[PDB]
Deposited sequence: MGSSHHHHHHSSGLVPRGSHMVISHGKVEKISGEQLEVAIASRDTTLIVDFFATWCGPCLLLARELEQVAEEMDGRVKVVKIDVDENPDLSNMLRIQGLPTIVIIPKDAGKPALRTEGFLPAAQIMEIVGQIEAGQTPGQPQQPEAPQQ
């Protein structure tokens, strides 16, 4: 006996994760060859740990999801989309590396809306 947070998902998985969300949702659109994406994935794991139960972080490989990446017009990597828990509180979309502290401030400001 032994015991066992940034989940890689697919386009179809993201559809429900968006419609079924209880918390703020952070979606990281990334590619495996992209430096800044690699670094951002580390910050996101820190965000997902330090705010466990306040956010769910998911990542989506654009190369594996070319349809969805075109549908959203993903132009720069990484692309981060933060969807607040409740409708009305509007979403945020940004491009480029963001330190975990900045990500946490953003989620915090969305919580007090």
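Unmodelled regions of the deposited chain, listed from N- to C-terminal end, are 1-19, 24-26, 136-149.
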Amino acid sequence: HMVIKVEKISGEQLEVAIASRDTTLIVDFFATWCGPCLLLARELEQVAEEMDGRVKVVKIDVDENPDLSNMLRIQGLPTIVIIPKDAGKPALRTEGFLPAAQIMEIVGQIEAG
From here on, numbers count along this sequence of modelled residues.
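Once the C-alpha B-factors are averaged per stretch, 55-63 and 84-92 rank with 84-92 first. Across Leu68, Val27, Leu44, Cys37, the entry's maximum B-factor at the CA atom is seen for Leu68.
Ranked by Cα temperature factor within the chain, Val16 sits in the highest third according to the deposited record. Per the PDB record, residue ranking by Cα B-factor puts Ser10 in the middle third of the chain. For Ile106, the recorded CA temperature factor ranks within the lowest third of the chain's modelled residues.
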